[PDB]
Amino acid sequence: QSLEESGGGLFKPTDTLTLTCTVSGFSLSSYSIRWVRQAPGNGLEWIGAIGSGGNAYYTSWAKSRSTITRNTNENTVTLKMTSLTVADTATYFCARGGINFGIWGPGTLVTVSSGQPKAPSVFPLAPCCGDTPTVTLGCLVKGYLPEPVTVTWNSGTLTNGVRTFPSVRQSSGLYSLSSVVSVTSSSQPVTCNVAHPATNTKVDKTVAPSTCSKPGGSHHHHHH
Amino acid sequence: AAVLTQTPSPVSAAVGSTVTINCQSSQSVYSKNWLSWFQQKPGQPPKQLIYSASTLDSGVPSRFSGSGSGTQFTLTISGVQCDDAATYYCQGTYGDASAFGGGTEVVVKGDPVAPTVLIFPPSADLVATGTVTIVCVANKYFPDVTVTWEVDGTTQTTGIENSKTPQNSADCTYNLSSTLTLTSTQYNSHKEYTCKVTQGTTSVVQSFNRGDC
Amino acid sequence: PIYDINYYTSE
């Protein structure tokens, strides 16, 4: 019994949002499906729902610009919302109704912005050369729109003590964040794996243990 | 048009104390007990703790208890722990709609810890972009700190952005990223870069000199 | 059967 939202990403003001909730392991004919959104840093809000018989319900602000429908043969519920404004920027969830309201989808981020999409550039974070050499290393992820990015370390095998900070929106409208991880000075290379779903961009960076050049390997960065 | 009103945010609670969050519905919830409680930590989706007003969801700690009926509901957290730092929402269902309360943020006061500080110069490849970002991290601290940046000893005002992790589920601590952004020309015009983190009367500092990296 | 009985009356 699970749900998955799709259709999120970047939209311009005036565009139409079309989210699909795809359900698995239960029947739409036995349950309501509710749509809930959450603006960044704000509260949960019920948008509307569709009942087990296919009739929809809406909150006052949604009613006149939202439609909620379903396809029982394709296991989907659709939210269509017209006339997007930046204030519609939010994570949108579908969830299975009933007295036990515990099964939600993972959520999909909707960004309404006049800005153009931009994939992240990634830069390694390592201590400045010159001290005695465990170490904390990181990746800076910057210049992207819309949210989110994902960041893993060594493809998700390295999770202990990972700190991935909340994103911050710059005046440019672009986002950035850093991720840091602490590792033992004598362990194998660490790689941050960054993804930006909106642009289908993947960026992986292997982070050196410091800014010092090692004697071996390539030497593509000289002081100037 | 049923509306739910909860305990004003934020609720500050010492570890081991008992937290109470109250929730009032302007109309009776359906059948008196269609009322759930949700927990949410920043950067994660909400998790149902309680449904049917008083039934604990699977795997939810015994510390949580829901009570009430009709229009008046309570969530209590017995012996609150760092893992319980979160925003809590009541959620009601009615004849023709559902709704959420405004949320009550619970901030858990644990044992004080001084930060350690790390500073990270820009890589050669970042300098090559024309815009430098220098990253400072303040690790595992409580209570909150303030951060300043010094460039050749001089405190900066502009080009600083800060981001803080939510309270750690084991020890209640925060982590902080602080970044200083400058042009590569500006970066190359100074030598010493310092991140200074202040927690009350105590300061921790980490520095690098550009020419050493 | 259904689980969203909140939306329905018997008659």
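Letters go in sequence order (proteins before strands), and every chain restarts at 1.
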Trainee: Does a side-chain heavy-atom distance below 4.5 Å link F165(A) with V137(B)?
Mentor: yes
Trainee: Do any pairs count as a salt bridge (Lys or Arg N to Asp or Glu O under 4.0 Å) and have a residue in residues 32-58 of chain A, sequence neighbours left out, and if so which ones?
Mentor: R37(A)-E45(A), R37(A)-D88(A)
Trainee: Looking at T165(B) and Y174(B), would you say the former's side chain and the latter's main chain have a donor-acceptor pair under 3.5 Å?
Mentor: no
Trainee: Report yes or no: do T206(A) and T191(A) form a side-chain donor-acceptor pair below 3.5 Å?
Mentor: yes
Trainee: Examine the side chains of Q38(A) and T91(A) and answer whether a donor and an acceptor come within less than 3.5 Å of each other.
Mentor: no
Trainee: Are any non-hydrogen side-chain atoms of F11(A) and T111(A) less than 4.5 angstrom apart?
Mentor: no
Trainee: For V106(B) and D84(B), what are the C-alpha separation, side-chain angles and deciding distance, and is it a side-chain contact (heavy atoms from CB on, under 4.5 Å)?
Mentor: CA-CA 8 Å; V106(B) 172; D84(B) 304 326; 5.8 Å; no
Trainee: State which residues pass salt bridge (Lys or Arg N to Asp or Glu O under 4.0 Å) with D4(C); sequence neighbours excluded, sorted by chain then number.
Mentor: none
Trainee: Just by modelled atom types, is the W61(A) backbone N or O under 3.5 Å from a matching donor or acceptor in the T59(A) side chain?
Mentor: no
Trainee: Between the side chain of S113(A) and the main-chain N/O of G115(A), is any donor-acceptor distance below 3.5 Å?
Mentor: yes
Trainee: Should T148(B) and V197(B) be marked as a side-chain contact (heavy atoms from CB on, under 4.5 Å) after you check the CA-CA gap, both sets of side-chain angles, and the distance that decides it?
Mentor: CA-CA 7 Å; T148(B) 56; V197(B) 175; over 6 Å; no
Trainee: Does any part of the side chain of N193(A), heavy atoms only, come nearer than 4.5 Å to the side chain of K202(A), both counted from C-beta?
Mentor: no
Trainee: Pairs in or reaching into residues 164-185 of chain B: which pass salt bridge (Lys or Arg N to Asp or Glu O under 4.0 Å), with residues at least two apart or in two chains?
Mentor: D144(B)-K164(B)
Trainee: Measure from the side-chain N and O atoms of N175(B) to the backbone N and O of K140(B), and report whether any donor-acceptor pair falls under 3.5 Å.
Mentor: yes
Trainee: Quick check: do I119(B) and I134(B) have side-chain heavy atoms less than 4.5 Å from each other?
Mentor: yes
Trainee: Please walk me through it: do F26(A) and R96(A) pass side-chain contact (heavy atoms from CB on, under 4.5 Å)?
Mentor: CA-CA 10 Å; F26(A) 64 95; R96(A) 190 178 73 171; 3.4 Å; yes
Trainee: What's the separation between atom CG in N100(A) and atom CD in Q48(B), rounded to the nearest 0.5 Å?
Mentor: 5.0 Å
Trainee: Apply side-chain hydrogen bond (donor to acceptor under 3.5 Å, both in side chains) to residues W149(B) and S178(B) and explain how you reach the verdict.
Mentor: CA-CA 9 Å; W149(B) 283 88; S178(B) 191; 3.1 Å; yes
Trainee: Atom OG1 of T78(A) and atom CG of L19(A): how far apart are they, to the nearest 0.5 Å?
Mentor: 9.0 Å
Trainee: If the condition is ring-ring contact (aromatic ring centres under 6.0 Å, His included), which residues does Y193(B) pass it with, not counting sequence neighbours?
Mentor: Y187(B), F208(B)
Trainee: Would you indicate whether the side-chain heavy atoms of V112(A) and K12(A) approach each other to under 4.5 Å?
Mentor: no
Trainee: Looking at residues at least two apart in the chain, or sitting in another chain, which of them share a ring-ring contact (aromatic ring centres under 6.0 Å, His included) with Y51(B)?
Mentor: none
Trainee: Quick check for you: to the nearest 0.5 Å, what is the distance between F142(B) atom CZ and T173(B) atom OG1?
Mentor: 9.5 Å
Trainee: Which of these, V132(B), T131(B), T129(B), sits in a side chain to side chain contact (heavy atoms under 4.5 Å, CB included) with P122(B)?
Mentor: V132(B)
Trainee: Considering residues at least two apart in sequence or located in another chain, which fulfil the ring-ring contact (aromatic ring centres under 6.0 Å, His included) criterion with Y7(C)?
Mentor: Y57(A)
Trainee: Would you say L125(A) and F123(A) make side-chain contact, with heavy atoms under 4.5 Å?
Mentor: no
Trainee: So, applying side chain to side chain contact (heavy atoms under 4.5 Å, CB included) with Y175(A), which one of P146(A), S167(A), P166(A) is it?
Mentor: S167(A)
Trainee: Please collect all salt bridge (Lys or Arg N to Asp or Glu O under 4.0 Å) contacts where either partner lies in residues 40-50 of chain B, sequence neighbours excluded, each pair once.
Mentor: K41(B)-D83(B)
Trainee: Show your reasoning for whether side-chain contact (heavy atoms from CB on, under 4.5 Å) applies to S179(A) and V162(A).
Mentor: CA-CA 7 Å; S179(A) 192; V162(A) 168; 3.7 Å; yes
Trainee: Check whether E4(A) reaches the backbone of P106(A) with its side chain - one donor and one acceptor, N or O, closer than 3.5 Å.
Mentor: no
Trainee: Apply side-chain hydrogen bond (donor to acceptor under 3.5 Å, both in side chains) to the pair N71(A) and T76(A), showing each step before the final yes or no.
Mentor: CA-CA 5 Å; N71(A) 184 325; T76(A) 60; 5.0 Å; no
Trainee: Distance check, rounded to the nearest 0.5 Å: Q91(B) atom CD versus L35(B) atom CG?
Mentor: 7.0 Å
Trainee: State, with a plain yes or no, whether a side-chain heavy atom of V108(B) is found less than 4.5 Å away from one of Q81(B).
Mentor: no
Trainee: Is it true that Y88(B) and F38(B) have ring centroids separated by less than 6.0 Å?
Mentor: no
Trainee: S182(A) and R163(A): side-chain hydrogen bond (donor to acceptor under 3.5 Å, both in side chains), yes or no, with the steps?
Mentor: CA-CA 9 Å; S182(A) 291; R163(A) 287 142 288 177; 3.0 Å; yes
Trainee: Between the main-chain N or O of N33(B) and the side-chain N or O of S31(B), is there a donor-acceptor pair closer than 3.5 Å?
Mentor: no
Trainee: Which residue pairs satisfy the ring-ring contact (aromatic ring centres under 6.0 Å, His included) criterion with at least one member in residues 68-98 of chain A, sequence neighbours excluded?
Mentor: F93(A)-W104(A)
Trainee: Is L176(B) close to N162(B) at the side-chain level, that is, under 4.5 Å between some pair of heavy atoms?
Mentor: yes
Trainee: Checking the side chain of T7(B) only, and the main-chain atoms of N22(B) only, is there a donor and an acceptor separated by less than 3.5 Å?
Mentor: yes
Trainee: May I ask you to decide if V86(A)'s main-chain N or O and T89(A)'s side chain share a donor-acceptor pair within less than 3.5 Å?
Mentor: yes
Trainee: Any side-chain to backbone donor/acceptor pair from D57(B) onto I50(B)? Under 3.5 Å, distance only.
Mentor: no
Trainee: Could you give all pairs that pass the ring-ring contact (aromatic ring centres under 6.0 Å, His included) test and reach residues 62-91 of chain A, with sequence neighbours left out?
Mentor: none
Trainee: Quick one: salt bridge (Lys or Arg N to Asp or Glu O under 4.0 Å) partners of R169(A), sequence neighbours excluded?
Mentor: none
Trainee: Is it true that a side-chain atom of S52(B) and a backbone atom of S54(B) form a donor plus acceptor pair closer than 3.5 Å?
Mentor: no
Trainee: Can you tell me how far the CD atom of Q156(B) sits from the OG1 atom of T181(B), to the nearest 0.5 Å?
Mentor: 11.5 Å
Trainee: Can you give me every donor-acceptor pair (side chain of residues 94-102 of chain B, partner residue at least two apart or in another chain, under 3.5 Å) with its distance?
Mentor:
unit_1	atom_1	unit_2	atom_2	d
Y94(B)	OH	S25(B)	OG	2.6
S98(B)	OG	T93(B)	OG1	2.8

Trainee: Mind checking ring-ring contact (aromatic ring centres under 6.0 Å, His included) for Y30(B) and listing every partner two or more places apart, or none if nothing turns up?
Mentor: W34(B)
Trainee: Give, for atom CG of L79(A) and atom SG of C21(A), the distance between the pair rounded to the nearest 0.5 Å.
Mentor: 10.0 Å
